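Participant: Okay, handing you the structure first.
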Amino acid sequence: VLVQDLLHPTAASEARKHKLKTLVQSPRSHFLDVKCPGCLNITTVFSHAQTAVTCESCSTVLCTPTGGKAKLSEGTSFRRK
Amino acid sequence: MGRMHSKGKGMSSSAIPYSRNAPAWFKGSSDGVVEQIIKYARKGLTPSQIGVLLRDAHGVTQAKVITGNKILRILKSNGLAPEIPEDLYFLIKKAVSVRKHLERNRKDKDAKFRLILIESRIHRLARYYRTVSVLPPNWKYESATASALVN
Amino acid sequence: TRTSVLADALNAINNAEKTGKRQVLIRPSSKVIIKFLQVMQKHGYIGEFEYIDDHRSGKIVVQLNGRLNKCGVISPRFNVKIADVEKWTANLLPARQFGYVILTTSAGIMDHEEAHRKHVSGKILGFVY
Amino acid sequence: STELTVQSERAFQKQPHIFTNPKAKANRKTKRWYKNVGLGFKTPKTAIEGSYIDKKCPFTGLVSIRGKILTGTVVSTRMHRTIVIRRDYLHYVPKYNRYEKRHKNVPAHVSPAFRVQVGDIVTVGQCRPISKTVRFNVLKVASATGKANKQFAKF
Amino acid sequence: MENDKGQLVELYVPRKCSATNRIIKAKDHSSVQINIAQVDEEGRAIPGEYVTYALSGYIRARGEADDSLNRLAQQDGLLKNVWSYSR
Amino acid sequence: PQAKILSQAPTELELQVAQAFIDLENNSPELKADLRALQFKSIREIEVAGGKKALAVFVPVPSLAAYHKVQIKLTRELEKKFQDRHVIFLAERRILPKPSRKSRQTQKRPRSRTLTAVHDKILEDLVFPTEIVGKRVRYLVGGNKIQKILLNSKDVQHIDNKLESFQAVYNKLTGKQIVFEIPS
RNA sequence: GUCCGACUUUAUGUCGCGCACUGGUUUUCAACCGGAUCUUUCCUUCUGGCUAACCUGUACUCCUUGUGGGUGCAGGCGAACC
Ligand SMILES: [Zn+2]
């Protein structure tokens with residue numbers, strides 16, 4: 001109060017403000033690199049995808065929709081992009 | 001948070017990041033993305049559906065950031081844009097659903113309320129798309145041209 | 001629907017200044033706001049402010065130095081003659097000694113004395129004192 | 001306009017005191033006197049080679065343009081061989097320091113040498129008293145379409 | 001302020017709030033004045049020589065005078081790492 | 001093969017830079033198959049305070065995409081050969097002014113042909129290997145504009161000392177002064 | 001420079017309002033109004049005057065080598081005006 005560096009605020013402060021109230025509109029979604037149990041066809045998967053995605057090479061559900069981020073199909077493995 | 005047809009005041013939306021250029025990690029190039037887009041369009045898929053599929057099944061964040069241009073305009077480039085934008089089309093379809101409900105049963109006077117609200121939305125979009133030279137001005141809308149076009 | 005962007009900007013400025021906030025956040029951040037603020041600073045009524053880009057209209061962060069007592073817009077940009085400006089003076093400026101009704105003319109956004117010594121009159125924007 | 005063989009009504013249409021010579025070994029159809037009004041106006045092409053009469057044409061007719069010049073918007077084309085132009089402008093009522101968008105509609109005369117659609121933007125000029133409604137007369141249509149010069153989408 | 005001759009006719013040039021850069025009332029019996037005694041290198045009192053901070057009671061009313069005092073104390077090089085420019 | 005890669009030949013400095021590019025063309029097996037379609041557009045030097053200099057090559061913005069594709073190795077080799085020199089790969093611009101009310105409508109100017117467009121793009125490609133993350137500007141009490149620029153902390157090590165050269169080149173480009181800042 | 005009030009019938013050195021009336025403005029000063037301009041910077045430009053004018057260039061010279069100074073006549077600045 002009565003002074004802030006709202007041009008240079010604490011990073012955790014933006015981190016704890018959700019979307020559109022940051023200095024720059026900074027989405028929190030990201031990507032993941034995902035390995036399917038069946039085939040080694042490495043793929044990229046959106047954080048908050050909607051469609052029940054199956055691998056393009058072979059049909060096997062990988063991620064399942066929710067209100068928020070879509071659940072993985074519990075079978076695959078992931079790493080940060 | 002305008003929200004004509006209710007008292008809604010929700011700003012729930014999606015905020016684009018800062019980079020209008022493609023992200024560093026991405027490997028595909030614009031032309032291949034365009035060919036994927038046009039093949040998807042020839043499947044008979046509405047542009048918003050194809051945008052969602054590009055975002056999910058691939059690292060296609062923005063059509064414009066990757067291929068330098070947006071989906072509808074590209075689909076116009078190859079002479080394959082549908083006659084009606086997906087927005088007005090889906091609204092007309094929902095209006096047809098409402099109409100079939102009200103013809104099936106009568107006492108849904110509150111459904112008459114929804115009907116007038118929706119058809120007001122159609123009137124708004126009709127004025128807009130007449131001004132901006134998308135539809136020819138000759139186009140009107142009562143009940144049955146919807147039945148022919150949608151069905 | 002944000003109608004007059006500079007109106008909202010100065011309204012926030014005045015609100016915080018009354019509250020005492022040494023700084024203000026302005027959402028729309030248009031050219032008119034910017035030029036109003038260089039007039040603001042050149043007269044000495046405000047400190048150093050900053051512009052943020054968004055690829056959408058940016059943002060404004062103005063540092064309050066307390067010297068301001070009020071901003072204020074005249075949202076109907078009433079059409080003013082060269083002689084009439086003085087009356088606006090006696091109706092908005094706290095005294096004839098100082099105080100600056102800001103008006104936009106073909107030359108640009110200026111203080112009223114700037115316009116008078118240029119002998120040019122345009123349309124009215126607001127006031128500072 | 002006069003619609004497809006001007007020589008239609010119960011009387012002939014001839015630009016007065018111009019003699020179509022049958023004694024000339026020429027077979028030149030007719031002598032169509034023509035003239036430029038001036039003021040930086042260009043007489044349109046279709047007027048020189050036309051066949052119509054339009055005694056009230058500024059170019060091929062008898063009327064002489066002089067006085068006021070105005071700009072307006074076509075509002076009604078139904079009337080035969082004439083036109084009505086709406087003029088929308090602002091009026092400063094002094095009590096409130098405000099302007100006022102009101103309209104005044106004025107009839108003018110169109111030569112067949114012009115093609116007019118509703119909503120076109122036209123320069124009009126002053127002339128002799130032509131009719132109790134018409135005291136002005138068109139010169140030329142700048143905005144021939146407004147936005148409709150391109151209508152197809154075939155890339 | 002000044003006369004035509006060039007004399008300061010005005011009585012009472014006012015004080016200005018060291019916190020919010022604002023004038024101080026004469027009747028508003030809430031203005032606060034803080035005397036900060038200078039301390040020598042060796043740990044003694046230095047009476048007579050000491051700095052002053054005149055803070056308007058407005059901050060005593062809104063309730064943020066604490067941050068103001070911390071601000072002025074840290075900035076003036078008398079106090080260490082209590083106040084932050086970015087919170 | 002100099003005469004084909006400059007299009008007009010005054011100012012021998014440009015031809016010696018072309019000679020250095022040809023020397024780059026010497027190492028074929030990987031530094032070729034792309035370097036054939038490279039050209040110069042009246043290269044100009046840029047002075048820098050302190051003694052250093054910053055080279056400014058210009059591109060007809062045709063396949064500048066291929067340049068930025070194979071850029072970094074060319075950049076470093078040009079630095080190694082032209083010692084004490086910092087080359088900047090500008091996009092040469094034929095920028096257009098605004099239509100004045102007095103001036104006659106002259107085929108309405110696309111915004112790509114605007115001062116803002118050229119200046120923003122030239123900043124965006126001034127430090128190519130890393131994207132600028134943000135733009136700021138301040139307006140001093142004296143009445144002078146200062147644009148502040150925020151570049152990614154990630155991928156900064158590829159320049160790490162040429163910010164002064166960037167300030168110099170762009171200030172002499174337009175007079176709009178520049179001071180960078182890096183987030184943590 | 002012109003000079004004005006202290007000094008009284010008349011006048012000056014001297015003290016003073018540090019110019020009461022007029023300039024150079026590089027006295028650094030500050031402006032603030034334009035104007036030319038280099039901006040990748042248009043302020044519409046031609047078709048002809050008339051060429052205003054001097055990159056002109058012809059004799060090169062009235063002349064102290066020296067651009068201190070100009071009559072002159074096809075290219076060629078028009079913007080000085082038609
Ligand atoms: Zn698979």
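By order in the structure tokens, chains are A, B, ...; within a chain, residues start at 1; ligands start at 1, following the order shown.
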Would you mind listing the residues within 7 Å of ligand 1, counting only C-alpha atoms (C1' of nucleotides) and all ligand atoms, as an NGL selection string?

Facilitator: :A and (36 or 38-39 or 41 or 55-60)

Participant: Applying 10 Å and only C-alpha atoms (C1' of nucleotides), which residues near residue 15 (chain D) remain after dropping the ones on its own chain fewer than 5 positions away? List them as a PyMOL selection string.

Facilitator: chain D and resi 31-33+52-55+60-62

Participant: Find the residue from A:43, A:22, A:50, A:66 that sits nearest to chain C; use only C-alpha atoms when measuring.

Facilitator: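 Ranked by minimum distance to chain C, first place goes to A:22.
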
Participant: Excluding region 63-75 of chain E and residues on its chain fewer than 4 positions from it, collect all residues at most 12 Å away from it, counting only C-alpha atoms (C1' of nucleotides), and give them as a JSON list (two decimals) with N, CA, C and O atoms, in the first residue's frame.

Facilitator:
```json
[["chain", "number", "residue", "atom", "x", "y", "z"],
["A", 1, "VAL", "N", 0.83, -1.20, 0.00],
["A", 1, "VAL", "CA", 0.00, 0.00, 0.00],
["A", 1, "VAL", "C", 0.87, 1.26, 0.00],
["A", 1, "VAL", "O", 1.94, 1.29, 0.60],
["A", 2, "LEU", "N", 0.39, 2.26, -0.74],
["A", 2, "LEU", "CA", 0.96, 3.60, -0.83],
["A", 2, "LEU", "C", 2.26, 3.62, -1.64],
["A", 2, "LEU", "O", 2.72, 4.70, -2.03],
["A", 3, "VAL", "N", 2.81, 2.44, -1.92],
["A", 3, "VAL", "CA", 3.86, 2.17, -2.90],
["A", 3, "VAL", "C", 3.84, 0.70, -3.26],
["A", 3, "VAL", "O", 3.81, -0.17, -2.38],
["A", 4, "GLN", "N", 3.86, 0.41, -4.56],
["A", 4, "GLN", "CA", 4.20, -0.91, -5.06],
["A", 4, "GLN", "C", 5.03, -0.73, -6.32],
["A", 4, "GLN", "O", 4.90, 0.27, -7.03],
["C", 19, "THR", "N", -7.37, 8.88, -2.27],
["C", 19, "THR", "CA", -6.99, 7.83, -1.35],
["C", 19, "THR", "C", -5.53, 7.98, -0.92],
["C", 19, "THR", "O", -5.17, 7.58, 0.19],
["C", 20, "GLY", "N", -4.69, 8.55, -1.78],
["C", 20, "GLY", "CA", -3.29, 8.75, -1.48],
["C", 20, "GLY", "C", -2.35, 7.76, -2.13],
["C", 20, "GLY", "O", -1.14, 7.86, -1.92],
["C", 21, "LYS", "N", -2.86, 6.83, -2.93],
["C", 21, "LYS", "CA", -2.01, 5.87, -3.62],
["C", 21, "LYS", "C", -0.99, 6.60, -4.48],
["C", 21, "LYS", "O", -1.35, 7.36, -5.38],
["C", 22, "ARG", "N", 0.30, 6.35, -4.22],
["C", 22, "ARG", "CA", 1.35, 7.02, -4.97],
["C", 22, "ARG", "C", 1.42, 6.58, -6.42],
["C", 22, "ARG", "O", 2.28, 7.08, -7.15],
["E", 17, "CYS", "N", 3.30, 17.04, 4.17],
["E", 17, "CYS", "CA", 3.38, 15.71, 4.76],
["E", 17, "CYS", "C", 4.58, 14.94, 4.23],
["E", 17, "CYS", "O", 4.69, 14.70, 3.03],
["E", 18, "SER", "N", 5.48, 14.55, 5.13],
["E", 18, "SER", "CA", 6.63, 13.77, 4.71],
["E", 18, "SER", "C", 6.24, 12.42, 4.14],
["E", 18, "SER", "O", 7.05, 11.79, 3.45],
["E", 19, "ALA", "N", 5.02, 11.96, 4.40],
["E", 19, "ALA", "CA", 4.57, 10.67, 3.88],
["E", 19, "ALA", "C", 3.81, 10.82, 2.56],
["E", 19, "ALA", "O", 4.23, 10.26, 1.54],
["E", 20, "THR", "N", 2.71, 11.56, 2.56],
["E", 20, "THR", "CA", 1.85, 11.67, 1.39],
["E", 20, "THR", "C", 2.01, 13.00, 0.67],
["E", 20, "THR", "O", 1.19, 13.34, -0.18],
["E", 21, "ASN", "N", 3.05, 13.76, 1.00],
["E", 21, "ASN", "CA", 3.41, 14.97, 0.26],
["E", 21, "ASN", "C", 2.24, 15.95, 0.24],
["E", 21, "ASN", "O", 1.91, 16.54, -0.79],
["E", 31, "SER", "N", -2.43, 15.52, 13.18],
["E", 31, "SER", "CA", -1.10, 15.51, 12.58],
["E", 31, "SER", "C", -0.08, 15.04, 13.60],
["E", 31, "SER", "O", -0.11, 15.44, 14.76],
["E", 32, "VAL", "N", 0.82, 14.18, 13.15],
["E", 32, "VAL", "CA", 1.84, 13.60, 14.01],
["E", 32, "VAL", "C", 3.21, 14.10, 13.56],
["E", 32, "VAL", "O", 3.43, 14.35, 12.37],
["E", 33, "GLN", "N", 4.10, 14.30, 14.52],
["E", 33, "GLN", "CA", 5.47, 14.72, 14.25],
["E", 33, "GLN", "C", 6.39, 13.75, 14.96],
["E", 33, "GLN", "O", 6.20, 13.47, 16.15],
["E", 34, "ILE", "N", 7.37, 13.21, 14.24],
["E", 34, "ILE", "CA", 8.27, 12.19, 14.75],
["E", 34, "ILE", "C", 9.68, 12.75, 14.75],
["E", 34, "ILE", "O", 10.21, 13.12, 13.70],
["E", 35, "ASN", "N", 10.30, 12.78, 15.92],
["E", 35, "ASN", "CA", 11.68, 13.21, 16.05],
["E", 35, "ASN", "C", 12.58, 11.98, 16.15],
["E", 35, "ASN", "O", 12.42, 11.17, 17.07],
["E", 36, "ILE", "N", 13.50, 11.84, 15.20],
["E", 36, "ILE", "CA", 14.43, 10.73, 15.16],
["E", 36, "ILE", "C", 15.80, 11.26, 15.55],
["E", 36, "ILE", "O", 16.40, 12.06, 14.82],
["E", 51, "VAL", "N", 16.87, 14.41, 13.19],
["E", 51, "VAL", "CA", 16.00, 14.62, 12.04],
["E", 51, "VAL", "C", 14.54, 14.59, 12.47],
["E", 51, "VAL", "O", 14.19, 14.11, 13.56],
["E", 52, "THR", "N", 13.67, 15.11, 11.62],
["E", 52, "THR", "CA", 12.25, 15.18, 11.90],
["E", 52, "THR", "C", 11.45, 14.68, 10.70],
["E", 52, "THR", "O", 11.85, 14.89, 9.55],
["E", 53, "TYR", "N", 10.33, 14.03, 10.98],
["E", 53, "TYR", "CA", 9.38, 13.58, 9.97],
["E", 53, "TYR", "C", 7.99, 14.06, 10.36],
["E", 53, "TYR", "O", 7.44, 13.61, 11.37],
["E", 54, "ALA", "N", 7.43, 14.97, 9.58],
["E", 54, "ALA", "CA", 6.09, 15.48, 9.83],
["E", 54, "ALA", "C", 5.11, 14.68, 8.98],
["E", 54, "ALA", "O", 5.12, 14.78, 7.75],
["E", 55, "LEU", "N", 4.28, 13.87, 9.65],
["E", 55, "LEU", "CA", 3.35, 12.97, 8.98],
["E", 55, "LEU", "C", 1.93, 13.45, 9.25],
["E", 55, "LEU", "O", 1.55, 13.65, 10.41],
["E", 56, "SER", "N", 1.15, 13.65, 8.19],
["E", 56, "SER", "CA", -0.22, 14.09, 8.38],
["E", 56, "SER", "C", -1.06, 12.99, 9.01],
["E", 56, "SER", "O", -0.83, 11.80, 8.78],
["E", 57, "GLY", "N", -2.05, 13.40, 9.81],
["E", 57, "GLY", "CA", -2.92, 12.44, 10.46],
["E", 57, "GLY", "C", -3.79, 11.65, 9.52],
["E", 57, "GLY", "O", -4.45, 10.70, 9.95],
["E", 58, "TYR", "N", -3.81, 12.02, 8.24],
["E", 58, "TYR", "CA", -4.56, 11.25, 7.25],
["E", 58, "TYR", "C", -4.11, 9.80, 7.21],
["E", 58, "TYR", "O", -4.94, 8.89, 7.15],
["E", 59, "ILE", "N", -2.80, 9.57, 7.22],
["E", 59, "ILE", "CA", -2.29, 8.21, 7.27],
["E", 59, "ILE", "C", -2.56, 7.57, 8.62],
["E", 59, "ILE", "O", -2.69, 6.35, 8.71],
["E", 79, "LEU", "N", 17.77, 3.28, 8.36],
["E", 79, "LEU", "CA", 17.25, 1.98, 8.75],
["E", 79, "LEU", "C", 17.62, 0.97, 7.68],
["E", 79, "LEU", "O", 17.86, 1.33, 6.52],
["E", 80, "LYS", "N", 17.67, -0.29, 8.07],
["E", 80, "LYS", "CA", 18.13, -1.36, 7.20],
["E", 80, "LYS", "C", 16.99, -2.33, 6.88],
["E", 80, "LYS", "O", 16.25, -2.73, 7.78],
["E", 81, "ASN", "N", 16.84, -2.64, 5.59],
["E", 81, "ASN", "CA", 16.04, -3.72, 5.02],
["E", 81, "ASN", "C", 14.75, -4.04, 5.78],
["E", 81, "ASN", "O", 14.47, -5.20, 6.07],
["E", 82, "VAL", "N", 13.96, -3.02, 6.10],
["E", 82, "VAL", "CA", 12.63, -3.22, 6.66],
["E", 82, "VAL", "C", 11.55, -3.02, 5.61],
["E", 82, "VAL", "O", 10.56, -3.75, 5.58],
["E", 83, "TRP", "N", 11.72, -2.03, 4.74],
["E", 83, "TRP", "CA", 10.71, -1.63, 3.78],
["E", 83, "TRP", "C", 11.13, -2.07, 2.39],
["E", 83, "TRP", "O", 12.32, -2.12, 2.07],
["E", 84, "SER", "N", 10.15, -2.39, 1.56],
["E", 84, "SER", "CA", 10.40, -2.89, 0.21],
["E", 84, "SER", "C", 9.76, -1.97, -0.81],
["E", 84, "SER", "O", 8.64, -1.49, -0.62],
["E", 85, "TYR", "N", 10.49, -1.73, -1.91],
["E", 85, "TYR", "CA", 9.91, -0.97, -3.01],
["E", 85, "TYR", "C", 8.89, -1.82, -3.77],
["E", 85, "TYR", "O", 7.86, -1.30, -4.22],
["E", 86, "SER", "N", 9.16, -3.11, -3.91],
["E", 86, "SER", "CA", 8.20, -4.06, -4.46],
["E", 86, "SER", "C", 7.76, -5.01, -3.36],
["E", 86, "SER", "O", 8.59, -5.66, -2.72],
["E", 87, "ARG", "N", 6.45, -5.10, -3.15],
["E", 87, "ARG", "CA", 5.92, -6.00, -2.14],
["E", 87, "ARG", "C", 5.70, -7.38, -2.74],
["E", 87, "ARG", "O", 6.35, -7.75, -3.72]]
```

Participant: Residues near residue 34 (chain A), anyone? I mean within 8 Å using only C-alpha atoms (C1' of nucleotides), not counting same-chain ones fewer than 5 positions away, as a PDB file with N, CA and C atoms, in the first residue's frame.

Facilitator:
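selection_31.pdb, written as the output of this step:
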```pdb
ATOM      1  N   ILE A  42       6.378 -40.940 -29.938  1.00  0.00           N
ATOM      2  CA  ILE A  42       6.403 -39.805 -29.024  1.00  0.00           C
ATOM      3  C   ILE A  42       5.487 -38.719 -29.571  1.00  0.00           C
ATOM      4  N   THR A  43       4.681 -38.114 -28.699  1.00  0.00           N
ATOM      5  CA  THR A  43       3.760 -37.079 -29.151  1.00  0.00           C
ATOM      6  C   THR A  43       3.738 -35.913 -28.176  1.00  0.00           C
ATOM      7  N   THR A  44       3.174 -34.803 -28.635  1.00  0.00           N
ATOM      8  CA  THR A  44       2.985 -33.621 -27.810  1.00  0.00           C
ATOM      9  C   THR A  44       1.517 -33.508 -27.432  1.00  0.00           C
ATOM     10  N   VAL A  45       1.251 -33.236 -26.157  1.00  0.00           N
ATOM     11  CA  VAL A  45      -0.117 -33.144 -25.665  1.00  0.00           C
ATOM     12  C   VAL A  45      -0.306 -31.831 -24.919  1.00  0.00           C
ATOM     13  N   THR A  76      -0.121 -43.848 -19.875  1.00  0.00           N
ATOM     14  CA  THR A  76       1.017 -43.278 -20.572  1.00  0.00           C
ATOM     15  C   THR A  76       1.980 -42.610 -19.596  1.00  0.00           C
ATOM     16  N   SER A  77       3.091 -42.109 -20.133  1.00  0.00           N
ATOM     17  CA  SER A  77       4.081 -41.412 -19.326  1.00  0.00           C
ATOM     18  C   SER A  77       4.360 -40.048 -19.938  1.00  0.00           C
ATOM     19  N   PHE A  78       4.810 -39.119 -19.097  1.00  0.00           N
ATOM     20  CA  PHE A  78       4.890 -37.720 -19.486  1.00  0.00           C
ATOM     21  C   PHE A  78       6.184 -37.098 -18.984  1.00  0.00           C
ATOM     22  N   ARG A  79       6.594 -36.031 -19.666  1.00  0.00           N
ATOM     23  CA  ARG A  79       7.661 -35.154 -19.209  1.00  0.00           C
ATOM     24  C   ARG A  79       7.301 -33.724 -19.576  1.00  0.00           C
TER      25      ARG A  79
END
```

Participant: Quick one: contact table of chain D to chain C, 12 Å max, nearest atom pair and distance in Å to one decimal per residue, counting only C-alpha atoms, chain and number order, as JSON lines?

Facilitator:
```
{"residue": "D:92", "atom": "CA", "partner": "C:79", "partner_atom": "CA", "distance": 10.2}
{"residue": "D:94", "atom": "CA", "partner": "C:79", "partner_atom": "CA", "distance": 11.2}
{"residue": "D:96", "atom": "CA", "partner": "C:78", "partner_atom": "CA", "distance": 9.7}
{"residue": "D:97", "atom": "CA", "partner": "C:78", "partner_atom": "CA", "distance": 6.7}
{"residue": "D:98", "atom": "CA", "partner": "C:78", "partner_atom": "CA", "distance": 7.7}
{"residue": "D:99", "atom": "CA", "partner": "C:79", "partner_atom": "CA", "distance": 9.8}
```

Participant: Would you put the residues from that selection into a file with C-alpha atoms, as a PDB file, in the first residue's frame?

Facilitator:
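See out-v7.pdb below for the written result:
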```
ATOM      1  CA  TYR D  92     -26.059  23.993 -33.759  1.00  0.00           C
ATOM      2  CA  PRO D  94     -27.236  27.443 -29.164  1.00  0.00           C
ATOM      3  CA  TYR D  96     -27.201  23.349 -25.336  1.00  0.00           C
ATOM      4  CA  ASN D  97     -23.920  23.645 -27.285  1.00  0.00           C
ATOM      5  CA  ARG D  98     -24.866  20.796 -29.571  1.00  0.00           C
ATOM      6  CA  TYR D  99     -25.347  19.909 -33.233  1.00  0.00           C
TER       7      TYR D  99
END
```

Participant: What separation in Å, quoted to one decimal, exists between CA of residue 100 (chain B) and CA of residue 121 (chain B)?

Facilitator: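 Pair CA of residue 100 (chain B) / CA of residue 121 (chain B) returns 18.4 Å.
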
Participant: Considering only C-alpha atoms, give me a table of residues in chain B that are at most 9 Å from chain D, with the closest atom pair and distance in Å for each, as a tab-separated table.

Facilitator:
```
residue	atom	partner	partner_atom	distance
B:76	CA	D:155	CA	8.1
B:77	CA	D:155	CA	6.5
B:78	CA	D:155	CA	7.0
B:79	CA	D:155	CA	6.1
B:133	CA	D:151	CA	8.0
B:136	CA	D:151	CA	8.3
```

Participant: With N, CA and C atoms kept, could you save the residues just selected as a PDB file, in the first residue's frame?

Facilitator:
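Generated output (again-v9.pdb):
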```pdb
ATOM      1  N   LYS B  76     -10.883 -19.366 -46.901  1.00  0.00           N
ATOM      2  CA  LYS B  76     -11.315 -18.530 -48.012  1.00  0.00           C
ATOM      3  C   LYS B  76     -10.288 -18.543 -49.134  1.00  0.00           C
ATOM      4  N   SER B  77      -9.005 -18.656 -48.785  1.00  0.00           N
ATOM      5  CA  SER B  77      -7.950 -18.586 -49.791  1.00  0.00           C
ATOM      6  C   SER B  77      -8.066 -19.725 -50.795  1.00  0.00           C
ATOM      7  N   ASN B  78      -8.328 -20.937 -50.316  1.00  0.00           N
ATOM      8  CA  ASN B  78      -8.478 -22.075 -51.210  1.00  0.00           C
ATOM      9  C   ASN B  78      -9.906 -22.250 -51.710  1.00  0.00           C
ATOM     10  N   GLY B  79     -10.733 -21.216 -51.596  1.00  0.00           N
ATOM     11  CA  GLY B  79     -12.091 -21.271 -52.115  1.00  0.00           C
ATOM     12  C   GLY B  79     -12.939 -22.359 -51.498  1.00  0.00           C
ATOM     13  N   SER B 133     -20.670  -7.162 -45.827  1.00  0.00           N
ATOM     14  CA  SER B 133     -20.591  -7.773 -47.154  1.00  0.00           C
ATOM     15  C   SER B 133     -20.139  -9.228 -47.085  1.00  0.00           C
ATOM     16  N   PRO B 136     -24.933 -11.604 -49.092  1.00  0.00           N
ATOM     17  CA  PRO B 136     -25.629 -10.609 -49.891  1.00  0.00           C
ATOM     18  C   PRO B 136     -26.818 -10.065 -49.122  1.00  0.00           C
TER      19      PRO B 136
END
```
